[PDB]
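What follows is the content of target-v4.pdb, which has PDB, C-alpha atoms (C1' of nucleotides):
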```pdb
ATOM      1  CA  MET A  35      11.806  -8.204 -16.698  1.00  0.00           C
ATOM      2  CA  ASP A  36      11.169  -4.616 -15.585  1.00  0.00           C
ATOM      3  CA  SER A  37       9.265  -2.745 -12.840  1.00  0.00           C
ATOM      4  CA  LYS A  38      11.799  -0.388 -11.189  1.00  0.00           C
ATOM      5  CA  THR A  39      10.515   2.336 -13.575  1.00  0.00           C
ATOM      6  CA  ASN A  40       7.205   2.165 -11.636  1.00  0.00           C
ATOM      7  CA  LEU A  41       7.822   5.522  -9.918  1.00  0.00           C
ATOM      8  CA  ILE A  42       4.779   6.385  -7.792  1.00  0.00           C
ATOM      9  CA  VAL A  43       3.903  10.020  -7.104  1.00  0.00           C
ATOM     10  CA  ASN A  44       1.916  10.073  -3.863  1.00  0.00           C
ATOM     11  CA  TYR A  45      -0.194  12.836  -2.286  1.00  0.00           C
ATOM     12  CA  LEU A  46      -1.663  14.202  -5.519  1.00  0.00           C
ATOM     13  CA  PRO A  47      -3.768  17.420  -5.422  1.00  0.00           C
ATOM     14  CA  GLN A  48      -7.348  16.085  -5.668  1.00  0.00           C
ATOM     15  CA  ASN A  49      -8.307  19.314  -7.504  1.00  0.00           C
ATOM     16  CA  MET A  50      -5.693  18.475 -10.200  1.00  0.00           C
ATOM     17  CA  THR A  51      -6.250  16.157 -13.198  1.00  0.00           C
ATOM     18  CA  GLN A  52      -4.263  13.390 -14.927  1.00  0.00           C
ATOM     19  CA  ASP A  53      -3.450  15.666 -17.892  1.00  0.00           C
ATOM     20  CA  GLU A  54      -1.946  18.438 -15.738  1.00  0.00           C
ATOM     21  CA  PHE A  55      -0.208  15.858 -13.512  1.00  0.00           C
ATOM     22  CA  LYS A  56       1.506  14.503 -16.632  1.00  0.00           C
ATOM     23  CA  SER A  57       1.852  18.015 -18.076  1.00  0.00           C
ATOM     24  CA  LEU A  58       3.579  19.215 -14.878  1.00  0.00           C
ATOM     25  CA  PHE A  59       6.226  16.443 -14.984  1.00  0.00           C
ATOM     26  CA  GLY A  60       6.395  16.960 -18.772  1.00  0.00           C
ATOM     27  CA  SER A  61       9.104  19.593 -18.230  1.00  0.00           C
ATOM     28  CA  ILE A  62      11.562  17.051 -16.777  1.00  0.00           C
ATOM     29  CA  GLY A  63      12.653  14.527 -19.412  1.00  0.00           C
ATOM     30  CA  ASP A  64      11.630  11.711 -21.755  1.00  0.00           C
ATOM     31  CA  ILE A  65       8.507  10.453 -19.970  1.00  0.00           C
ATOM     32  CA  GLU A  66       7.759   7.171 -21.770  1.00  0.00           C
ATOM     33  CA  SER A  67       4.405   7.158 -19.930  1.00  0.00           C
ATOM     34  CA  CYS A  68       2.547   7.762 -16.647  1.00  0.00           C
ATOM     35  CA  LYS A  69      -0.053   6.035 -14.459  1.00  0.00           C
ATOM     36  CA  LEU A  70      -2.806   6.788 -11.922  1.00  0.00           C
ATOM     37  CA  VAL A  71      -4.580   4.613  -9.331  1.00  0.00           C
ATOM     38  CA  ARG A  72      -8.123   5.202 -10.621  1.00  0.00           C
ATOM     39  CA  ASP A  73     -11.028   2.959  -9.591  1.00  0.00           C
ATOM     40  CA  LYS A  74     -13.885   1.842 -11.870  1.00  0.00           C
ATOM     41  CA  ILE A  75     -16.337   0.507  -9.249  1.00  0.00           C
ATOM     42  CA  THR A  76     -17.027   3.301  -6.749  1.00  0.00           C
ATOM     43  CA  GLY A  77     -15.000   6.044  -8.427  1.00  0.00           C
ATOM     44  CA  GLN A  78     -13.740   7.663  -5.222  1.00  0.00           C
ATOM     45  CA  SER A  79     -10.028   8.233  -6.138  1.00  0.00           C
ATOM     46  CA  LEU A  80      -7.183   7.998  -3.593  1.00  0.00           C
ATOM     47  CA  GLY A  81      -4.525  10.574  -4.560  1.00  0.00           C
ATOM     48  CA  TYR A  82      -1.304   9.152  -6.059  1.00  0.00           C
ATOM     49  CA  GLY A  83       0.024   8.582  -9.600  1.00  0.00           C
ATOM     50  CA  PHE A  84       3.052   7.077 -11.370  1.00  0.00           C
ATOM     51  CA  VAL A  85       5.792   7.988 -13.847  1.00  0.00           C
ATOM     52  CA  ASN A  86       7.348   5.378 -16.155  1.00  0.00           C
ATOM     53  CA  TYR A  87      10.669   6.596 -17.577  1.00  0.00           C
ATOM     54  CA  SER A  88      12.950   4.752 -20.015  1.00  0.00           C
ATOM     55  CA  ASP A  89      16.078   4.574 -17.826  1.00  0.00           C
ATOM     56  CA  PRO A  90      16.587   4.652 -13.998  1.00  0.00           C
ATOM     57  CA  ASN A  91      19.018   7.615 -14.188  1.00  0.00           C
ATOM     58  CA  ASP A  92      16.473  10.237 -15.276  1.00  0.00           C
ATOM     59  CA  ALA A  93      14.018   8.322 -13.059  1.00  0.00           C
ATOM     60  CA  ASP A  94      16.084   8.821  -9.873  1.00  0.00           C
ATOM     61  CA  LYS A  95      17.532  12.192 -10.947  1.00  0.00           C
ATOM     62  CA  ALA A  96      13.947  13.441 -11.228  1.00  0.00           C
ATOM     63  CA  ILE A  97      13.247  12.137  -7.698  1.00  0.00           C
ATOM     64  CA  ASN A  98      15.882  14.551  -6.336  1.00  0.00           C
ATOM     65  CA  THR A  99      13.541  17.380  -7.432  1.00  0.00           C
ATOM     66  CA  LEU A 100      10.104  15.683  -7.094  1.00  0.00           C
ATOM     67  CA  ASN A 101      10.869  14.031  -3.707  1.00  0.00           C
ATOM     68  CA  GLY A 102       9.332  16.964  -1.803  1.00  0.00           C
ATOM     69  CA  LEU A 103       7.235  19.332  -3.923  1.00  0.00           C
ATOM     70  CA  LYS A 104       5.239  21.559  -1.543  1.00  0.00           C
ATOM     71  CA  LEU A 105       2.133  23.258  -2.974  1.00  0.00           C
ATOM     72  CA  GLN A 106      -0.317  25.845  -1.602  1.00  0.00           C
ATOM     73  CA  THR A 107      -2.546  22.904  -0.586  1.00  0.00           C
ATOM     74  CA  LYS A 108      -0.234  19.887  -0.129  1.00  0.00           C
ATOM     75  CA  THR A 109       3.097  18.237  -0.940  1.00  0.00           C
ATOM     76  CA  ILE A 110       3.974  15.852  -3.806  1.00  0.00           C
ATOM     77  CA  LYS A 111       6.527  13.015  -3.540  1.00  0.00           C
ATOM     78  CA  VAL A 112       7.680  10.357  -6.031  1.00  0.00           C
ATOM     79  CA  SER A 113       8.841   6.898  -4.902  1.00  0.00           C
ATOM     80  CA  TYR A 114       9.899   3.467  -6.196  1.00  0.00           C
ATOM     81  CA  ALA A 115       6.569   1.625  -6.031  1.00  0.00           C
ATOM     82  CA  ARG A 116       7.562  -2.043  -5.662  1.00  0.00           C
ATOM     83  CA  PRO A 117       6.061  -4.410  -8.325  1.00  0.00           C
ATOM     84  CA  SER A 118       3.860  -6.130  -5.714  1.00  0.00           C
ATOM     85  CA  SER A 119       4.255  -7.168  -2.074  1.00  0.00           C
ATOM     86  CA  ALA A 120       1.274  -9.592  -2.276  1.00  0.00           C
ATOM     87  CA  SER A 121      -1.832  -7.515  -1.405  1.00  0.00           C
ATOM     88  CA  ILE A 122      -0.405  -4.166  -0.253  1.00  0.00           C
ATOM     89  CA  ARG A 123      -2.670  -1.128  -0.849  1.00  0.00           C
ATOM     90  CA  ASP A 124      -3.598   1.136   2.113  1.00  0.00           C
ATOM     91  CA  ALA A 125      -2.364  -0.260   5.426  1.00  0.00           C
ATOM     92  CA  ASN A 126      -2.493   3.080   7.269  1.00  0.00           C
ATOM     93  CA  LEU A 127      -3.012   2.977  11.050  1.00  0.00           C
ATOM     94  CA  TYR A 128      -4.096   5.513  13.720  1.00  0.00           C
ATOM     95  CA  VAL A 129      -2.468   5.414  17.187  1.00  0.00           C
ATOM     96  CA  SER A 130      -3.451   8.067  19.753  1.00  0.00           C
ATOM     97  CA  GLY A 131      -2.392   8.578  23.364  1.00  0.00           C
ATOM     98  CA  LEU A 132       1.276   9.385  22.775  1.00  0.00           C
ATOM     99  CA  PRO A 133       3.431  11.961  24.659  1.00  0.00           C
ATOM    100  CA  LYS A 134       5.115  15.040  23.150  1.00  0.00           C
ATOM    101  CA  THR A 135       8.495  13.272  23.216  1.00  0.00           C
ATOM    102  CA  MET A 136       7.118  10.393  21.101  1.00  0.00           C
ATOM    103  CA  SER A 137       9.946   8.737  19.184  1.00  0.00           C
ATOM    104  CA  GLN A 138       8.952   7.714  15.647  1.00  0.00           C
ATOM    105  CA  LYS A 139      11.634   4.980  15.590  1.00  0.00           C
ATOM    106  CA  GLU A 140      10.218   3.638  18.873  1.00  0.00           C
ATOM    107  CA  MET A 141       6.786   3.379  17.249  1.00  0.00           C
ATOM    108  CA  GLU A 142       8.466   1.982  14.127  1.00  0.00           C
ATOM    109  CA  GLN A 143      10.432  -0.630  16.105  1.00  0.00           C
ATOM    110  CA  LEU A 144       7.248  -1.323  18.089  1.00  0.00           C
ATOM    111  CA  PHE A 145       5.010  -1.959  15.087  1.00  0.00           C
ATOM    112  CA  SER A 146       7.875  -3.211  12.854  1.00  0.00           C
ATOM    113  CA  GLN A 147       8.142  -6.279  15.125  1.00  0.00           C
ATOM    114  CA  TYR A 148       4.437  -6.880  14.361  1.00  0.00           C
ATOM    115  CA  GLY A 149       4.934  -6.392  10.625  1.00  0.00           C
ATOM    116  CA  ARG A 150       7.341  -4.690   8.225  1.00  0.00           C
ATOM    117  CA  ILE A 151       5.846  -1.173   8.157  1.00  0.00           C
ATOM    118  CA  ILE A 152       6.221   1.050   5.093  1.00  0.00           C
ATOM    119  CA  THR A 153       5.944   4.360   6.968  1.00  0.00           C
ATOM    120  CA  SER A 154       5.352   4.972  10.705  1.00  0.00           C
ATOM    121  CA  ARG A 155       5.202   8.409  12.383  1.00  0.00           C
ATOM    122  CA  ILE A 156       3.554  10.793  14.874  1.00  0.00           C
ATOM    123  CA  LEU A 157       1.699  14.066  14.126  1.00  0.00           C
ATOM    124  CA  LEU A 158       2.765  16.835  16.535  1.00  0.00           C
ATOM    125  CA  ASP A 159       3.669  20.372  15.397  1.00  0.00           C
ATOM    126  CA  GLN A 160       3.773  23.826  17.035  1.00  0.00           C
ATOM    127  CA  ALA A 161       4.959  26.209  14.269  1.00  0.00           C
ATOM    128  CA  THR A 162       4.352  24.772  10.762  1.00  0.00           C
ATOM    129  CA  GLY A 163       1.137  22.870  11.524  1.00  0.00           C
ATOM    130  CA  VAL A 164      -0.711  22.095  14.773  1.00  0.00           C
ATOM    131  CA  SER A 165      -0.327  20.285  18.120  1.00  0.00           C
ATOM    132  CA  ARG A 166      -1.922  16.816  18.006  1.00  0.00           C
ATOM    133  CA  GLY A 167      -0.016  13.971  19.703  1.00  0.00           C
ATOM    134  CA  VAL A 168      -1.061  10.949  17.622  1.00  0.00           C
ATOM    135  CA  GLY A 169       0.905   8.305  15.760  1.00  0.00           C
ATOM    136  CA  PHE A 170       0.342   6.306  12.592  1.00  0.00           C
ATOM    137  CA  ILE A 171       1.706   3.152  11.037  1.00  0.00           C
ATOM    138  CA  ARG A 172       1.500   2.507   7.293  1.00  0.00           C
ATOM    139  CA  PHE A 173       1.948  -1.275   7.044  1.00  0.00           C
ATOM    140  CA  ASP A 174       2.330  -3.464   3.954  1.00  0.00           C
ATOM    141  CA  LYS A 175      -0.529  -5.899   4.618  1.00  0.00           C
ATOM    142  CA  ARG A 176      -3.829  -4.552   5.996  1.00  0.00           C
ATOM    143  CA  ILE A 177      -4.650  -7.871   7.713  1.00  0.00           C
ATOM    144  CA  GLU A 178      -1.252  -7.761   9.444  1.00  0.00           C
ATOM    145  CA  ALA A 179      -2.043  -4.244  10.648  1.00  0.00           C
ATOM    146  CA  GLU A 180      -5.639  -5.241  11.415  1.00  0.00           C
ATOM    147  CA  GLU A 181      -4.438  -8.232  13.441  1.00  0.00           C
ATOM    148  CA  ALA A 182      -1.656  -6.089  14.930  1.00  0.00           C
ATOM    149  CA  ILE A 183      -4.277  -3.481  15.883  1.00  0.00           C
ATOM    150  CA  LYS A 184      -6.425  -6.259  17.391  1.00  0.00           C
ATOM    151  CA  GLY A 185      -3.449  -7.280  19.532  1.00  0.00           C
ATOM    152  CA  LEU A 186      -2.325  -3.666  20.113  1.00  0.00           C
ATOM    153  CA  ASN A 187      -5.361  -1.380  20.561  1.00  0.00           C
ATOM    154  CA  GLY A 188      -6.696  -1.148  24.123  1.00  0.00           C
ATOM    155  CA  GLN A 189      -9.885   0.578  25.286  1.00  0.00           C
ATOM    156  CA  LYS A 190     -11.349   3.992  26.178  1.00  0.00           C
ATOM    157  CA  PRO A 191     -13.945   3.605  29.005  1.00  0.00           C
ATOM    158  CA  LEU A 192     -15.675   6.456  30.879  1.00  0.00           C
ATOM    159  CA  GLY A 193     -13.407   5.999  33.902  1.00  0.00           C
ATOM    160  CA  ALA A 194     -10.403   7.053  31.798  1.00  0.00           C
ATOM    161  CA  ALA A 195      -9.104   9.389  29.061  1.00  0.00           C
ATOM    162  CA  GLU A 196      -6.849   7.742  26.456  1.00  0.00           C
ATOM    163  CA  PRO A 197      -5.560   4.304  27.608  1.00  0.00           C
ATOM    164  CA  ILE A 198      -3.654   3.714  24.327  1.00  0.00           C
ATOM    165  CA  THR A 199      -5.764   3.707  21.144  1.00  0.00           C
ATOM    166  CA  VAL A 200      -4.456   2.264  17.873  1.00  0.00           C
ATOM    167  CA  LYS A 201      -7.010   1.681  15.106  1.00  0.00           C
ATOM    168  CA  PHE A 202      -7.742   2.226  11.409  1.00  0.00           C
ATOM    169  CA  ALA A 203      -8.296   5.756  10.089  1.00  0.00           C
ATOM    170  CA  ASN A 204     -11.941   6.608  10.908  1.00  0.00           C
ATOM    171  CA  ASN A 205     -12.555  10.191   9.718  1.00  0.00           C
ATOM    172  CA  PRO A 206     -11.359  13.742  10.604  1.00  0.00           C
ATOM    173  CA  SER A 207     -14.205  16.184   9.819  1.00  0.00           C
ATOM    174  CA  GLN A 208     -16.363  14.351   7.262  1.00  0.00           C
TER     175      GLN A 208
ATOM    176  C1'   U B   1     -10.693  16.356  16.115  1.00  0.00           C
ATOM    177  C1'   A B   2      -6.062  11.318  13.733  1.00  0.00           C
ATOM    178  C1'   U B   3      -0.589  12.058   9.756  1.00  0.00           C
ATOM    179  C1'   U B   4       1.624  16.123   3.574  1.00  0.00           C
ATOM    180  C1'   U B   5      -5.684  13.847   3.986  1.00  0.00           C
ATOM    181  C1'   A B   6      -5.421   8.113   0.854  1.00  0.00           C
ATOM    182  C1'   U B   7       2.986   5.339  -1.542  1.00  0.00           C
ATOM    183  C1'   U B   8       0.857   0.734  -4.165  1.00  0.00           C
ATOM    184  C1'   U B   9      -2.629   1.637 -10.242  1.00  0.00           C
ATOM    185  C1'   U B  10      -8.141   0.627 -18.051  1.00  0.00           C
TER     186        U B  10
END
```
Same coordinates, now as structure tokens:
Amino acid sequence: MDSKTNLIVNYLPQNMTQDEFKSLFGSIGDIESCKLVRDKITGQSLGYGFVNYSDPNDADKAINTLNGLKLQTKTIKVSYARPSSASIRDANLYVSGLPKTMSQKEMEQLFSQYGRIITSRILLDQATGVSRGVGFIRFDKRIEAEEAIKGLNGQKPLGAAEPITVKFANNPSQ
RNA sequence: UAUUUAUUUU
């Protein structure tokens, strides 16, 4: 039984295509095959693919170089996409109302207790990006996050500003 | 005004 070769390359340049994606990695080693999370119902497209090598060595060795490829638009990163954690997919969460000294681990330990999170962090830059002050939690199970949110998110009435707000990604400027 | 914008796929 195999699966470990299921290397997932997340944050793919929407403007790029499957051929180039494969072509790009082509100059790395013996790429038995590749994959892409493409839908056949709505046809929206998320933005992450996969690389299936023959052996783990060239699979991990490649990671060393593809685990942080920054482009003019965005960054590309390959990871060991687990076979299946029983209904995983996008469990990304939005949590606003955090201070400048917001500790990622604190948020991680906070939401981790609610459910084993895949990736939890806060967006707040002042040199490379921009000043925001919001946190996010990428859980394994959406329902866990949804329920967590239900038992985590507060409220934002007129007689207030931001009394803790943790919810699912709504939309930035679209 | 919310993450590298979307780490889980004929």
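Picked by the PyMOL selection byres ((chain A and resi 62) around 12) from the coordinates shown: residues 56, 57, 58, 59, 60, 61, 63, 64, 65, 66, 85, 87, 92, 93, 94, 95, 96, 97, 98, 99 and 100 of chain A.
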Name every residue that the PyMOL selection byres ((chain B) within 6 of (chain A)) selects in this structure, writing the answer as a PDB file with C-alpha atoms (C1' of nucleotides), in the coordinates of the input with chains first and numbers rising.
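Written output follows (expr_31.pdb):
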```pdb
ATOM      1  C1'   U B   3      -0.589  12.058   9.756  1.00  0.00           C
ATOM      2  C1'   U B   4       1.624  16.123   3.574  1.00  0.00           C
ATOM      3  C1'   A B   6      -5.421   8.113   0.854  1.00  0.00           C
ATOM      4  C1'   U B   7       2.986   5.339  -1.542  1.00  0.00           C
ATOM      5  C1'   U B   8       0.857   0.734  -4.165  1.00  0.00           C
ATOM      6  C1'   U B   9      -2.629   1.637 -10.242  1.00  0.00           C
TER       7        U B   9
END
```
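In this model, the gap between CA of residue 176 (chain A) and CA of residue 78 (chain A) comes to 19.3 Å.
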Inset, instruction - Could you tell me which residues the PyMOL selection byres ((chain A and resi 198) around 10) grabs in this file, written as a PyMOL selection string? - result: chain A and resi 129-132+186-190+195-197+199-200
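Interatomic distance, CA of residue 159 (chain A) against CA of residue 136 (chain A): 12.0 Å.
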Inset, instruction - Between CA of residue 179 (chain A) and CA of residue 193 (chain A), measure the distance and give it in Å to one decimal. - result: 27.8 Å
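For the residues A:125, A:133, A:160, A:138, ranking by smallest atom-to-atom distance to residue 180 (chain A) using only C-alpha atoms places A:125 first.
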Inset, instruction - For residue 148 (chain A), please output as a ChimeraX atom specification all residues within 10 Å (counting all atoms listed in the file; exclusion window: fewer than 6 positions along the same chain). - result: /A:142,173,178-179,181-183,185-186
